[PDB]
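Peer 1: If you scroll down you'll find the structure; I have some questions about it.
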Amino acid sequence: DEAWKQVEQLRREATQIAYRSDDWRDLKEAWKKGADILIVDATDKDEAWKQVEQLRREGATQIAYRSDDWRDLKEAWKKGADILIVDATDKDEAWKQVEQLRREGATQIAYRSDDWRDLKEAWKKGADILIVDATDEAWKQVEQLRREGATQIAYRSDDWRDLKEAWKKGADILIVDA
């Protein structure tokens, strides 16, 4: 989880900072330290949904939850999460989760991938937040989605220099980890 500089060198930049972490209390700290989006990604669904619930009770706005299963995303949505991140690995099963969430009426579906063509298809199928996952020079994926017309492009990297370049290429959400 990031060095103290990553978060510091980004708080300078209509850009939003997303903060990802395994337990909610450092997520809550981030919420008042200025973080715009709090990503719950603990894979214990009991603990995960309880972190969503506590963040809603704490008043945190823009709670996000990440999963490969739309049913878990729908439950987190019901318990307070506003941004539902479909974690893509099997692309066809990934796009179907977006389609099902859209059928359920979700309005802030996100999609996490390393391939701009994959994100482009997810965007057409219902995903509004497209997450370029850089875990090389992936900021190039950002430039292509930018050209295709996507309005909310996010970027995740461990390194603030990469986050900055992605911002310069059109990313509006920069994803940092504790």
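Peer 1: Hey, among 11, 56, 20, which residue is closer than 19 Å to residue 158 by Cβ, out of contact with any helix residue (DSSP H, G or I) (no Cβ under 6 Å at 6 or more places or on another chain), surrounded by 15 or more Cβ atoms within 10 Å (Cβ to Cβ) and not β-branched (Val, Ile, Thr)? Lay out the reasoning, then the answer.
Peer 2: Details: 11 fails: surrounded by 15 or more Cβ atoms within 10 Å (Cβ to Cβ); 56 fails: closer than 19 Å to residue 158 by Cβ.
Result of the check over 11, 56, 20: 20.
Peer 1: Of all residues being closer than 21 Å to residue 87 by Cα and surrounded by fewer than 23 Cβ atoms within 10 Å (Cβ to Cβ) in segment 59-69, which is farthest from the chain's Cα centre (by Cα)? Just the residue, please. Steps first, please.
Peer 2: Residues of segment 59-69 closer than 21 Å to residue 87 by Cα: 62-69.
The next check asks that each one be surrounded by fewer than 23 Cβ atoms within 10 Å (Cβ to Cβ); those that pass are 62, 67-69.
Values: 62: 10, 67: 11, 68: 13, 69: 15 Å.
Result: 69.
Peer 1: Residue 40 - would you say it is closer than 19 Å to residue 173 by Cα and either surrounded by 17 or more Cβ atoms within 10 Å (Cβ to Cβ) or among the basic types (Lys, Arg) (or both)?
Peer 2: Values: closer than 19 Å to residue 173 by Cα: yes; either surrounded by 17 or more Cβ atoms within 10 Å (Cβ to Cβ) or among the basic types (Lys, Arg) (or both): yes.
For residue 40, the condition - closer than 19 Å to residue 173 by Cα and either surrounded by 17 or more Cβ atoms within 10 Å (Cβ to Cβ) or among the basic types (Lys, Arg) (or both) - is met.
Peer 1: Could we say that residue 81 is crowded, with 19+ Cβ neighbours inside 10 Å, over 17 Å from residue 20 (Cα atoms) and under 15 Å from the mean Cα position of the chain (by Cα) here? Outline the logic, then answer.
Peer 2: Numbers: crowded, with 19+ Cβ neighbours inside 10 Å: yes; over 17 Å from residue 20 (Cα atoms): no; under 15 Å from the mean Cα position of the chain (by Cα): yes.
So residue 81 does not fit the description; no.
Peer 1: Can residue 177 be described as over 19 Å from residue 67 (Cβ atoms) and in contact with a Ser or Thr (Cβ under 8 Å, 6 or more places away or on another chain)?
Peer 2: Working: over 19 Å from residue 67 (Cβ atoms): no; in contact with a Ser or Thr (Cβ under 8 Å, 6 or more places away or on another chain): yes.
Against the criterion (over 19 Å from residue 67 (Cβ atoms) and in contact with a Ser or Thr (Cβ under 8 Å, 6 or more places away or on another chain)), residue 177 does not qualify.
Peer 1: Filter segment 112-129 for residues that are within 19 Å of residue 177 (Cβ to Cβ) and of a type outside the set (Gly, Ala, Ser) and give the result. Quick ask: steps written out before the conclusion?
Peer 2: The first filter runs over segment 112-129 and keeps only residues within 19 Å of residue 177 (Cβ to Cβ), leaving 112-114, 129.
Those that are within 19 Å of residue 177 (Cβ to Cβ) and of a type outside the set (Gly, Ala, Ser): 112, 114, 129.
Listed here are the residues, each with its yes/no results for (1) within 20 Å of residue 15 (Cβ to Cβ); (2) out of contact with any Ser or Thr (no Cβ under 8 Å at 6 or more places or on another chain).
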position	(1), (2)
103	no, yes
120	no, yes
131	yes, no
134	yes, no
138	yes, no
141	yes, yes
158	yes, no
173	yes, no
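Peer 1: Same structure, new question: Name the single residue, out of those in segment 132-150 being polar (S, T, N, Q) and within 13 Å of residue 119 (Cβ to Cβ), that is surrounded by the fewest Cβ atoms within 10 Å (Cβ to Cβ).
Peer 2: Here is the first cut: in segment 132-150, the residues polar (S, T, N, Q) are 135, 141, 144.
When the remaining residues are screened for being within 13 Å of residue 119 (Cβ to Cβ), the result is 141, 144.
Working: 141: 26, 144: 18.
Ranking the candidates gives 144 first.
Peer 1: Another question about this same structure. Out of all the residues in segment 21-51, which are more than 25 Å from residue 8 (Cα to Cα) and hydrophobic (A, V, I, L, M, F, W, C)?
Peer 2: 48, 49
Peer 1: Right, something else. When the residues of segment 15-42 are narrowed to those that are touching a strand residue (DSSP E or B) at 6+ places or on another chain (Cβ under 8 Å) and part of a loop (DSSP other than H, G, I, E, B), which ends up nearest to residue 1 (Cα to Cα)?
Peer 2: My answer is 41.
Peer 1: Can you pull out the residues in segment 89-116 that are loosely packed, with under 13 Cβ neighbours inside 10 Å and under 16 Å from residue 152 (Cα atoms)?
Peer 2: If the condition is that a residue be loosely packed, with under 13 Cβ neighbours inside 10 Å and under 16 Å from residue 152 (Cα atoms), then 107 is the only one that fits.
Taken together, the values in this text are just the output of simple stated rules run on the coordinates, not laboratory data. When we count neighbours, we look across all protein chains shown, and the Cβ atoms used for this are built from the backbone with ideal geometry, even at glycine.
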